[PDB]
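All residue numbers for the sequence shown refer to the deposited numbering, where the first residue is 3 and numbers rise by one.
Quick notes on the structure that follows.
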Amino acid sequence: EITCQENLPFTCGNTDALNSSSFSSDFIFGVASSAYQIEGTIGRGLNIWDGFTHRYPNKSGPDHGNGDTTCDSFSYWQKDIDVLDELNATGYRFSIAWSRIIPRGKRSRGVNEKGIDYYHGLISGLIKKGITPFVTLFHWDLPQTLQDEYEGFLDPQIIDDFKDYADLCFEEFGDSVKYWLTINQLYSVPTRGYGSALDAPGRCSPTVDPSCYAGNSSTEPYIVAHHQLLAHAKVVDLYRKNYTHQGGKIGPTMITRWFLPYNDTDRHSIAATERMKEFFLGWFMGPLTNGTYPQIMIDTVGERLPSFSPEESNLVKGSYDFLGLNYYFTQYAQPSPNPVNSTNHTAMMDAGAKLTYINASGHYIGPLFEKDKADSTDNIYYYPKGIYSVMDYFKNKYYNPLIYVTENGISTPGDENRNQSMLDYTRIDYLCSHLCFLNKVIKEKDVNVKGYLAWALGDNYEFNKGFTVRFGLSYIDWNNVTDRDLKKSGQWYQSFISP
Ligand SMILES: *[C@@H]1O[C@H](CO)[C@@H](O[C@@H]2O[C@H](CO)[C@@H](O[C@@H]3O[C@H](CO[C@H]4O[C@H](CO)[C@@H](O)[C@H](O)[C@@H]4O)[C@@H](O)[C@H](O[C@H]4O[C@H](CO)[C@@H](O)[C@H](O)[C@@H]4O)[C@@H]3O[C@@H]3OC[C@@H](O)[C@H](O)[C@H]3O)[C@H](O)[C@H]2NC(C)=O)[C@H](O[C@@H]2O[C@@H](C)[C@@H](O)[C@@H](O)[C@@H]2O)[C@H]1NC(C)=O
Ligand SMILES: *[C@@H]1O[C@H](CO)[C@@H](O[C@@H]2O[C@H](CO)[C@@H](O[C@@H]3O[C@H](CO)[C@@H](O)[C@H](O)[C@@H]3O[C@@H]3OC[C@@H](O)[C@H](O)[C@H]3O)[C@H](O)[C@H]2NC(C)=O)[C@H](O[C@@H]2O[C@@H](C)[C@@H](O)[C@@H](O)[C@@H]2O)[C@H]1NC(C)=O
Ligand SMILES: *[C@@H]1O[C@H](CO)[C@@H](O[C@@H]2O[C@H](CO)[C@@H](O)[C@H](O)[C@H]2NC(C)=O)[C@H](O)[C@H]1NC(C)=O
Ligand SMILES: *[C@@H]1O[C@H](CO)[C@@H](O[C@@H]2O[C@H](CO)[C@@H](O)[C@H](O)[C@H]2NC(C)=O)[C@H](O)[C@H]1NC(C)=O
Ligand SMILES: O=S(=O)(O)O/N=C(/Cc1ccccc1)S[C@@H]1C[C@H](CO)[C@@H](O)[C@H](O)[C@H]1O
Ligand SMILES: CC(=O)N[C@@H]1[C@@H](O)[C@H](O)[C@@H](CO)O[C@H]1O
Ligand SMILES: *[C@@H]1O[C@H](CO)[C@@H](O)[C@H](O)[C@H]1NC(C)=O
Ligand SMILES: *[C@@H]1O[C@H](CO)[C@@H](O)[C@H](O)[C@H]1NC(C)=O
Ligand SMILES: *[C@@H]1O[C@H](CO)[C@@H](O)[C@H](O)[C@H]1NC(C)=O
Ligand SMILES: *[C@@H]1O[C@H](CO)[C@@H](O)[C@H](O)[C@H]1NC(C)=O
Ligand SMILES: *[C@@H]1O[C@H](CO)[C@@H](O)[C@H](O)[C@H]1NC(C)=O
Ligand SMILES: [Zn+2]
Numbered sequence: 003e004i005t006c007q008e009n010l011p012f013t014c015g016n017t018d019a020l021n022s023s024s025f026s027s028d029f030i031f032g033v034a035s036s037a038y039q040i041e042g043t044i045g046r047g048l049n050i051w052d053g054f055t056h057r058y059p060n061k062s063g064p065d066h067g068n069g070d071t072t073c074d075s076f077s078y079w080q081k082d083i084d085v086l087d088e089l090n091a092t093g094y095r096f097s098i099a100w101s102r103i104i105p106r107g108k109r110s111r112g113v114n115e116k117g118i119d120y121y122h123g124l125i126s127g128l129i130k131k132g133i134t135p136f137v138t139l140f141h142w143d144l145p146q147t148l149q150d151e152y153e154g155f156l157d158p159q160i161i162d163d164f165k166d167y168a169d170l171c172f173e174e175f176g177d178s179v180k181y182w183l184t185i186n187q188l189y190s191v192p193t194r195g196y197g198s199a200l201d202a203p204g205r206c207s208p209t210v211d212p213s214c215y216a217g218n219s220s221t222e223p224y225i226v227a228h229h230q231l232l233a234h235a236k237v238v239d240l241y242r243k244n245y246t247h248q249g250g251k252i253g254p255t256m257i258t259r260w261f262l263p264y265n266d267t268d269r270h271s272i273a274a275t276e277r278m279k280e281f282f283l284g285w286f287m288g289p290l291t292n293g294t295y296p297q298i299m300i301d302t303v304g305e306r307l308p309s310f311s312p313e314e315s316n317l318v319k320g321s322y323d324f325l326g327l328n329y330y331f332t333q334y335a336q337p338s339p340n341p342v343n344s345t346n347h348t349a350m351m352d353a354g355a356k357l358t359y360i361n362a363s364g365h366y367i368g369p370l371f372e373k374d375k376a377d378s379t380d381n382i383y384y385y386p387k388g389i390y391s392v393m394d395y396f397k398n399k400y401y402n403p404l405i406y407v408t409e410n411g412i413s414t415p416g417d418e419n420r421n422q423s424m425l426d427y428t429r430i431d432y433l434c435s436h437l438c439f440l441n442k443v444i445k446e447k448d449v450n451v452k453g454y455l456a457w458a459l460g461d462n463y464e465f466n467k468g469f470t471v472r473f474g475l476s477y478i479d480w481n482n483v484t485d486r487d488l489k490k491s492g493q494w495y496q497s498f499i500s501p
C-alpha cells in the first residue's frame, strides 16, 4: 500500500524511499522545453510571440523580457544534451519552431534548410545518448506572416498551412522521432491568446483590454479552439495515413488541472466543479473521444459554439495514439454568473465558475506554487493528489488512454541570487510529491502512464513572466548563458533516475 504526502514537509526527496525503480522498467523519465523559450531568434523568421512581446512589452513580462536570446539553445543545443546525459534521462520533450523551418509560414514559399539541419543535429545527438525525443510541432510560436495574413488559428486557412508544416516535419525527422505532440495545451491559446489577451496574439474584446488590436473574447476562443481541433485532427490523419511506416505515435497536449468544490457540501459548488471539468477538459476531450463538444457547453455557449460536420467529427474523434498531459495545479470551484450580454464577456465566463486556491472554510489547497507580488490573494498553491485525480479521471472518463506526463514543474523567484536559485529544495518537494502520487495512481488505478517529463530542462523565458521566474532543473546565468548547471533539484532527479 503506497502512501503519499499532501502537505509540507515532504520526505519523498529520499531516493531510498522513492526512485525510478518504483515505476515499470520501461518508464520514461526526462525534462521538457519549448522553442520560443530556449532557442533565440537567430536563424529563424518572426512568430507571434516575437510580435506580441515586442508590440506589448508590458505583457511579455514585468521585466519586459522576451525570447530574443534567452538561454541561446540555438548555439548551445549540445549543452542541453549534456544536461540530459548527466541526468541519465531517457526522454526529452522539445518543440520545433515553425518559423525556423518555414520562415514564410506557407511551405510552398520555401523551407529553411539550415533550420531543418538544426533539428537534425539535435535529434541525432539525443538518440546517440539513448534519449527518446518527444517533439511538439506547435508550441504557440506561429509564424507572424500567418497571423497577419488571416489571423492564424482564427481562420480555417490555418488547417492546410499547419498540415503542410507537419508533413515537412514527419518527412524530415520522422525516421528518428517516434513521439509527436501536435499542439501544446489546447486550452491555452483560445483563452489566453484570444480571450484575456494575456498571451500572443493578444486579441480580445475592447472592454476586456483596450490594448488588444482587435478581437472578441466571447466568440474567438471557441473559433480558435475549433480550428485547433481540426488542424490537430488533420495532422494526426496525415501522420497515420502517410507516415505509418515510421512506427511512431502522435497525440495532442492537454493542460490538465483537477477541480474540487469550494464547498463540498454545497450543491452549487459541486455543480460548478463538474462544469469546470467539462469546460476545461471536456472542451477538447469530448471532441477527441466522441467527436462532439460536451452537452453543457452546447447548451451554454449555443450559437457561439461551432459545430463539427459529420466528416469533421469522424476526423477529430479518436485522433490520438496517446495523450500528452501537462499538470501543474488544482483549483476549488464555486458558482459565478455568466453575463453573456456584457461587453466584457469572455468565453471563460461560460463555465459559470469562480476558481480559488482556498476553500469556503479557509483551507489552502496545498503548498505555495507561485507567489504574486502584485497581490497576495492572487498566489497559486499546488496539490500533489491532483495528478492522481487527473490520471484516474482520464482513464475512467476518457477510455483508458496511453498517457505521457509532458510537463510538471514549479517556479522559483527570479530575484534570488545564484546560490539561492541553486538550492531549489521547493522544486524537489514539488516534483517528488507529484511523482509519488503518479506512481500511486499507476499502481492503484492501473492508469496507462508510460513517461514523465519535468518542466524546463533549464531556466528560460517564461511566457508572460519574462525572466522574473525560473522553472529549470538546471541553472542558467543570464550574463553568460553558455552553462547549464544542475540545481539541487537536477541533482536529486539524477539520483531518482539512477538510485
Ligand atoms: C457523443 O456523440 C453522440 C453523437 O454521435 C452524442 O449523441 C447525440 O447527442 C445529440 C445531443 O447533443 C443528439 O442531438 C439532438 O437530437 C435531438 C433529436 O433529434 C432527432 O429527432 C428530431 C425529431 O424532431 C429530428 O428532427 C432530428 O433530425 C433527429 O432525428 C434534437 O432535438 C436536438 O436538437 C436540439 O438541441 C440541440 C442541442 O443539443 C440544438 O443544437 C438544436 O438546435 C436543437 O435545439 C439535437 O440535435 C442536434 O441539433 C443540433 C444539430 O447541429 C445536430 O446535427 C443535431 O443532431 C443526437 O441525437 C445524439 N446522437 C446519437 C447517435 O445518439 C452524444 O451525446 C450524449 O448522448 C446523447 C444521447 C445526449 O444525451 C447528449 O446530451 C449526450 O451528451 C455524445 N456523447 C458525449 C459523451 O458527449
Ligand atoms: C457550505 O455550504 C453549506 C450549504 O449551502 C452552508 O450551509 C448552509 O449555510 C447557510 C447560511 O449561509 C444556512 O442558511 C441559513 O440558515 C439560518 C438558520 O435557519 C437562517 O437563519 C439563515 O437565514 C440562512 O437560511 C437560508 O437563507 C437563505 C435562503 O435562500 C435559504 O433557503 C435559507 O436556508 C443553511 O441552512 C446551511 N445549510 C446546511 C444544510 O447546513 C455552509 O455554511 C456553513 O455552515 C452553516 C451550517 C452555517 O454555520 C454557516 O454560517 C457556515 O458558513 C457552507 N460552509 C462554509 C464554510 O461556507
Ligand atoms: C462578439 O461577437 C458576438 C457575435 O457576433 C456579438 O454578439 C452579438 O451581438 C449582437 C448585438 O447585440 C446581437 O444582435 C447578436 O445576437 C449577438 N450574437 C450572439 C448570438 O451572441 C458580440 O456583441 C461581440 N462582442 C464584442 C464586444 O464585439
Ligand atoms: C475545506 O477543505 C478542508 C480540507 O480538505 C476540509 O476539511 C476536512 O473535512 C473533512 C470532512 O468533514 C474532515 O473529515 C477532515 O478532517 C477535514 N480536514 C481538515 C484538514 O480539516 C473542509 O471540509 C473543506 N471545507 C468545505 C466547506 O468544503
Ligand atoms: O491553463 S492555462 O491555459 O493557464 O495554462 N496553464 C499553464 C500552467 C501554469 C499556469 C500558471 C503558472 C504556472 C503554470 S501555462 C504555463 C505557463 C508557464 C509560464 O510561462 C510555463 O512555464 C508552462 O510551460 C505553461 O504550461
Ligand atoms: C498601466 C500600465 O503600465 N500598463 C499599460 C497599459 O495600461 C496599456 O494599455 C498598455 C498599452 O500597450 O501599456 C501598458 O504598459
Ligand atoms: C528505490 O525505492 C524502493 C522503494 O520503492 C526501495 O525499496 C529501493 O531500495 C530503492 N532503490 C535504491 C537503490 O535506493
Ligand atoms: C543510467 O541508467 C542505466 C539504466 O538504469 C544504468 O544501467 C546506468 O548505470 C546509468 N548510468 C549512470 C552513470 O547513472
Ligand atoms: C499522402 O501523401 C500523398 C502524396 O503527397 C497525398 O496525395 C495524400 O493526399 C496524402 N494523404 C493525406 C493528405 O493524408
Ligand atoms: C466587466 O468585466 C469585469 C471583469 O470580469 C468585471 O469586474 C466588471 O464588473 C464588468 N463590468 C460590468 C459591465 O458589469
Ligand atoms: C562564459 O562561460 C563559459 C562557460 O563557463 C566560460 O568558458 C567563458 O569564459 C565565460 N565568458 C565570460 C563571460 O567571461
Ligand atoms: Zn527583439
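For every residue, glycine included, the Cβ atom is placed at its ideal position computed from N, Cα and C.
Roughly how many angstroms separate the alpha carbons of residue 220 and residue 153, rounded to a whole number? 17 Å
Quick check: the Cα distance between residue 233 and residue 420, rounded to an integer number of angstroms? 43 Å
Which residues does DSSP list as the beta-bridge partners of residue 328? 257 and 409
Figure out for me which residue from 129, 105 and 128 has the closest Cα to the Cα of residue 118. It is 105 whose Cα lies nearest to the Cα of residue 118.
Return yes when at least one heavy atom of ligand 3 lies under 7 Å from the C-beta of residue 505, else no. What the structure shows of the chain is the stretch from 3 to 501, and residue 505 is not part of that stretch, so it cannot be assessed.
Reducing DSSP to helix, strand and coil, say where residue 507 ends up. The chain is shown only over 3 to 501; residue 507 falls outside these bounds and no answer can be derived.
Can the beta-carbon of residue 58 be found less than 8 Å from the beta-carbon of residue 213? yes
Please name the residue in 385, 361 and 363 whose C-alpha comes closest to that of residue 372. 385
My guess is that residue 141 and residue 37 are in contact by the Cβ rule of under 8 Å, so how many angstroms apart are they, rounded? About 6 Å separates the two Cβ atoms, so the contact holds.
Where do the ends of the alpha helix (DSSP H) carrying residue 223 lie? 222-244
Can you tell me whether residue 474 is buried or exposed, with buried defined as 16 or more other CB within 10 angstroms of its CB? buried
Does the beta carbon of residue 372 fall short of 7 Å from some heavy atom of ligand 5? yes
Whole alpha helix (DSSP H) runs in the segment 387-436 with 4 or more residues, listed along the chain? 387-399 and 420-424
Under 8 Å, do residue 31 and residue 360 count as touching if we go by C-beta distance? no
Nearer than 7 Å: is that true of the beta carbon of residue 328 relative to any heavy atom of ligand 5? yes
What residues come near ligand 7, if near means a beta carbon less than 7 Å from any of its heavy atoms? Every residue whose Cβ sits closer than 7 Å to any heavy atom of ligand 7 is listed here in chain order: 17, 18, 19, 20, 21, 23, 24 and 501.
Closest residue to residue 235 among 184, 336, 99 and 80 (Cα-Cα distance): 184
Tell me, to the nearest whole angstrom, how far the beta carbon of residue 95 is from that of residue 34; I am working on the premise that it is less than 8 Å. That pair is a contact at about 4 Å.
Would residue 114 and residue 496 qualify as a contact pair, given that the criterion is a beta-carbon distance under 8 Å? no
How about residue 317: is its Cβ closer than 7 Å to a heavy atom in ligand 9? no
Where the beta carbon is closer than 5 Å to any heavy atom of ligand 11, which residues qualify, in chain order? 482, 484 and 485
beta-carbon residue 56 near ligand 12 non-hydrogen atom, thresh 7 Å: yes
Any alpha helix (DSSP H) of 4 or more consecutive residues that is wholly inside the segment 266-301: 269-278 and 285-292
Going by other Cβ atoms of all chains shown within 10 Å of its Cβ, with 16 needed for buried, is residue 401 buried or exposed? exposed
Are residue 138 and residue 68 touching if we call contact CB-CB under 8 Å? If you check the CB distance, residue 138 and residue 68 do not come in under 8 Å.
Is it buried or exposed for residue 80, if we count other Cβ within 10 angstroms and need 16 for buried? exposed
Count Cβ pairs between the segment 191-202 and the segment 252-267 that sit closer than 8 Å; are there 3 or more? no
From which residue to which residue does the alpha helix (DSSP H) around residue 85 run? Per DSSP, residue 85 belongs to the alpha helix (DSSP H) from 75-89.
Taking 7 Å as the cut-off, is the C-beta of residue 466 nearer than that to any heavy atom in ligand 8? Residue 466 Cβ: outside cutoff for every heavy atom of ligand 8.
For residue 258 versus residue 283, is the C-beta distance shorter than 8 Å? Yes. Within cutoff.
Per DSSP, what are the beta-bridge partners of residue 135 in this structure? 94
Sorted by chain position, which residues of the same chain lie with C-beta nearer than 8 Å to residue 489's C-beta, five sequence neighbours on each side aside? In its chain, beyond the 5 residues on either side, 423, 424, 425, 426, 429, 474, 475, 476 and 477 have a beta carbon closer than 8 Å to the beta carbon of residue 489.
Report, in whole angstroms, the separation of the C-beta atoms of residue 472 and residue 414, which I expect to be a contact under 8 Å. 5 Å
In the DSSP assignment, find the unbroken alpha helix (DSSP H) run with residue 476 in it and report its ends. Residue 476: not part of any alpha helix (DSSP H); member of the beta strand (DSSP E) spanning 476-479, first to last residue.
Between the C-alpha atoms of residue 315 and residue 365, what's the straight-line distance to the nearest angstrom? 42 Å
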